[PDB]
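Next comes input_16.pdb, a file with PDB, C-alpha atoms.
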```pdb
ATOM      1  CA  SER A  90       6.931 -45.019  46.662
ATOM      2  CA  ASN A  91       4.064 -42.817  45.362
ATOM      3  CA  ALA A  92       6.070 -40.487  43.179
ATOM      4  CA  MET A  93       3.036 -38.756  41.719
ATOM      5  CA  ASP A  94       0.069 -39.861  43.716
ATOM      6  CA  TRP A  95       0.543 -43.498  44.494
ATOM      7  CA  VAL A  96       3.168 -44.275  41.883
ATOM      8  CA  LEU A  97       5.333 -47.385  41.806
ATOM      9  CA  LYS A  98       8.491 -47.641  39.710
ATOM     10  CA  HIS A  99       7.114 -46.807  36.223
ATOM     11  CA  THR A 100       9.153 -49.744  34.954
ATOM     12  CA  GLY A 101       6.967 -51.423  32.313
ATOM     13  CA  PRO A 102       5.602 -49.642  29.254
ATOM     14  CA  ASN A 103       4.646 -47.303  32.019
ATOM     15  CA  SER A 104       4.854 -49.081  35.397
ATOM     16  CA  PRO A 105       5.094 -52.886  35.835
ATOM     17  CA  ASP A 106       2.490 -55.673  36.039
ATOM     18  CA  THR A 107       0.042 -53.867  33.812
ATOM     19  CA  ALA A 108      -1.285 -54.105  30.286
ATOM     20  CA  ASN A 109       0.524 -50.949  29.701
ATOM     21  CA  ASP A 110       0.176 -48.476  32.502
ATOM     22  CA  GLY A 111      -2.557 -48.707  35.015
ATOM     23  CA  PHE A 112      -5.701 -50.298  33.911
ATOM     24  CA  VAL A 113      -8.953 -48.546  34.706
ATOM     25  CA  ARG A 114     -12.184 -48.778  32.754
ATOM     26  CA  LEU A 115     -15.364 -46.842  33.233
ATOM     27  CA  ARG A 116     -18.287 -49.172  32.949
ATOM     28  CA  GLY A 117     -21.975 -48.558  33.241
ATOM     29  CA  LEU A 118     -20.844 -44.951  33.216
ATOM     30  CA  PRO A 119     -23.439 -42.094  33.393
ATOM     31  CA  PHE A 120     -23.001 -38.595  31.884
ATOM     32  CA  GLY A 121     -19.550 -37.665  30.696
ATOM     33  CA  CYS A 122     -17.194 -39.563  32.861
ATOM     34  CA  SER A 123     -14.400 -38.469  30.613
ATOM     35  CA  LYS A 124     -10.854 -37.115  30.246
ATOM     36  CA  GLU A 125     -10.641 -33.973  32.410
ATOM     37  CA  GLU A 126     -13.386 -35.193  34.737
ATOM     38  CA  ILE A 127     -11.869 -38.538  35.568
ATOM     39  CA  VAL A 128      -8.491 -36.868  36.005
ATOM     40  CA  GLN A 129      -9.565 -34.545  38.826
ATOM     41  CA  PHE A 130     -12.650 -36.472  39.988
ATOM     42  CA  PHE A 131     -10.724 -38.780  42.251
ATOM     43  CA  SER A 132      -8.152 -36.063  42.801
ATOM     44  CA  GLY A 133      -5.003 -37.764  43.994
ATOM     45  CA  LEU A 134      -4.461 -40.038  41.004
ATOM     46  CA  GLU A 135      -2.026 -39.787  38.154
ATOM     47  CA  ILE A 136      -4.833 -40.073  35.706
ATOM     48  CA  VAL A 137      -3.787 -38.834  32.305
ATOM     49  CA  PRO A 138      -5.960 -36.086  30.817
ATOM     50  CA  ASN A 139      -7.364 -37.860  27.740
ATOM     51  CA  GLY A 140      -5.883 -41.289  28.111
ATOM     52  CA  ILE A 141      -9.546 -41.676  28.730
ATOM     53  CA  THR A 142     -12.430 -41.813  26.335
ATOM     54  CA  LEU A 143     -16.039 -42.522  27.029
ATOM     55  CA  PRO A 144     -18.021 -44.194  24.183
ATOM     56  CA  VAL A 145     -20.140 -41.113  23.594
ATOM     57  CA  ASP A 146     -21.962 -39.091  21.015
ATOM     58  CA  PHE A 147     -21.485 -35.475  19.976
ATOM     59  CA  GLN A 148     -24.155 -34.820  22.605
ATOM     60  CA  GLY A 149     -22.218 -36.926  25.066
ATOM     61  CA  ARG A 150     -24.296 -40.021  25.616
ATOM     62  CA  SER A 151     -21.684 -41.940  27.600
ATOM     63  CA  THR A 152     -22.999 -45.376  28.334
ATOM     64  CA  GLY A 153     -21.274 -48.710  28.113
ATOM     65  CA  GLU A 154     -17.593 -48.788  28.913
ATOM     66  CA  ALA A 155     -14.828 -46.208  28.618
ATOM     67  CA  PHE A 156     -11.081 -46.007  28.401
ATOM     68  CA  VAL A 157      -8.921 -44.827  31.287
ATOM     69  CA  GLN A 158      -5.110 -44.720  31.480
ATOM     70  CA  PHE A 159      -3.296 -44.397  34.807
ATOM     71  CA  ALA A 160       0.484 -44.036  34.754
ATOM     72  CA  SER A 161       0.811 -46.581  37.559
ATOM     73  CA  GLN A 162      -1.388 -49.321  39.052
ATOM     74  CA  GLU A 163      -1.804 -47.863  42.481
ATOM     75  CA  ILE A 164      -3.333 -44.746  40.971
ATOM     76  CA  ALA A 165      -5.247 -47.119  38.704
ATOM     77  CA  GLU A 166      -6.455 -49.024  41.683
ATOM     78  CA  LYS A 167      -7.614 -46.040  43.645
ATOM     79  CA  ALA A 168      -9.984 -45.866  40.697
ATOM     80  CA  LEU A 169     -10.419 -49.603  40.148
ATOM     81  CA  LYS A 170     -12.191 -49.363  43.494
ATOM     82  CA  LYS A 171     -14.313 -46.596  41.966
ATOM     83  CA  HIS A 172     -17.437 -48.657  41.867
ATOM     84  CA  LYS A 173     -20.619 -46.573  42.002
ATOM     85  CA  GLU A 174     -18.735 -43.302  41.549
ATOM     86  CA  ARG A 175     -21.132 -41.575  39.205
ATOM     87  CA  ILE A 176     -21.108 -38.378  37.339
ATOM     88  CA  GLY A 177     -24.620 -37.285  36.552
ATOM     89  CA  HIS A 178     -26.354 -40.316  38.161
ATOM     90  CA  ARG A 179     -25.443 -43.890  37.220
ATOM     91  CA  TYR A 180     -23.297 -46.532  38.872
ATOM     92  CA  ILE A 181     -19.766 -45.941  37.664
ATOM     93  CA  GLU A 182     -18.777 -49.506  38.000
ATOM     94  CA  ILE A 183     -15.265 -49.276  36.867
ATOM     95  CA  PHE A 184     -13.392 -52.342  35.608
ATOM     96  CA  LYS A 185      -9.800 -53.240  35.750
ATOM     97  CA  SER A 186      -9.175 -52.089  32.173
ATOM     98  CA  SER A 187      -7.120 -53.713  29.668
ATOM     99  CA  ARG A 188      -5.031 -50.830  28.488
ATOM    100  CA  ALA A 189      -5.642 -52.511  25.220
ATOM    101  CA  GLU A 190      -9.139 -51.091  25.092
ATOM    102  CA  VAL A 191      -7.917 -48.024  26.641
ATOM    103  CA  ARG A 192      -6.709 -44.891  24.977
ATOM    104  CA  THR A 193      -7.236 -44.465  21.293
ATOM    105  CA  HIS A 194      -3.765 -43.157  20.522
TER     106      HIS A 194
END
```

What does the file become when written as structure tokens?
Amino acid sequence: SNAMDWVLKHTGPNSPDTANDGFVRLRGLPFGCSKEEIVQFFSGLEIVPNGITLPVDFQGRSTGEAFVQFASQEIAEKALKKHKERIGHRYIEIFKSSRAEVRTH
């Protein structure tokens, strides 16, 4: 078990029983809960640098709900429990993503 951080088998499109990978979704997110941040924020997760994208502006007005790709569910879940894990100061109420929403490439 836990090959990377908490990794499973990586047997689906990237681990089994997932939309694709490891569904995590930043929601109600404050200031710049984004690629590199999310990756190392909950250090210990196989969070892909930039399988994440906050609905932002050029300024970086992250708000509604953002995309987060985790190579396996466990990793994904360590962050699907990430409710109220701000950056800046707003309840990061993460959702169990649909990888569908998630990424943009």

*Nearest to residue A:165 among A:153, A:117, A:133, A:101, with distances taken over all atoms listed in the file: which residue is it?*
A:133

*asked:* Between atom CA of residue A:173 and atom CA of residue A:110, what is the distance in Å, rounded to a tenth?
replied: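 Distance between the two atoms: 22.9 Å.
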
Calculate, to one decimal in Å, the centre and edge lengths of the box along x, y and z of the file that holds all listed atoms of stretch 172-188 of chain A with 6 Å of margin on each side, and present them as JSON.
```
{"center_x": -15.7, "center_y": -45.5, "center_z": 35.2, "size_x": 33.3, "size_y": 28.4, "size_z": 25.5}
```

*Ground truth for the PyMOL selection byres ((chain A and resi 166) around 10), written as a list in words*: residues 95, 111, 112, 113, 134, 159, 161, 162, 163, 164, 165, 167, 168, 169, 170, 171, 184 and 185 of chain A

*Using all atoms listed in the file, find the one residue out of A:141, A:109, A:152, A:94 that sits nearest to residue A:177.*
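That would be A:152, the residue with the smallest distance to residue A:177.
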
*How far is it from atom CA of residue A:176 to atom CA of residue A:118, in Å with one decimal?*
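Atom-to-atom, atom CA of residue A:176 to atom CA of residue A:118, that is 7.8 Å.
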
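With the shown file loaded, the PyMOL selection byres ((chain A and resi 193) around 10) picks out residues 139, 140, 141, 142, 156, 188, 189, 190, 191, 192 and 194 of chain A.
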
_I need the residue nearest residue A:154 from this list: A:93, A:183, A:121, A:104. Use only C-alpha atoms for the distance._
A:183

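Between atom CA of residue A:187 and atom CA of residue A:108 lies a distance of 5.9 Å.
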
*Write out as a list in words the residues lying within 9 Å of residue A:178, counting only C-alpha atoms and excluding same-chain residues fewer than 2 positions away.*
residues 118, 119, 120, 174, 175, 176, 180 and 181 of chain A

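Checking A:128, A:122, A:160, A:147 one by one against residue A:105, counting only C-alpha atoms, you find the shortest gap at A:160.
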
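Counting only C-alpha atoms, the residue from A:158, A:186, A:90, A:100 that sits nearest to residue A:136 is A:158.
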
*Select, from A:115, A:92, A:137, A:127, the residue with the minimum atom-to-atom distance to residue A:155, counting all atoms listed in the file.*
A:115
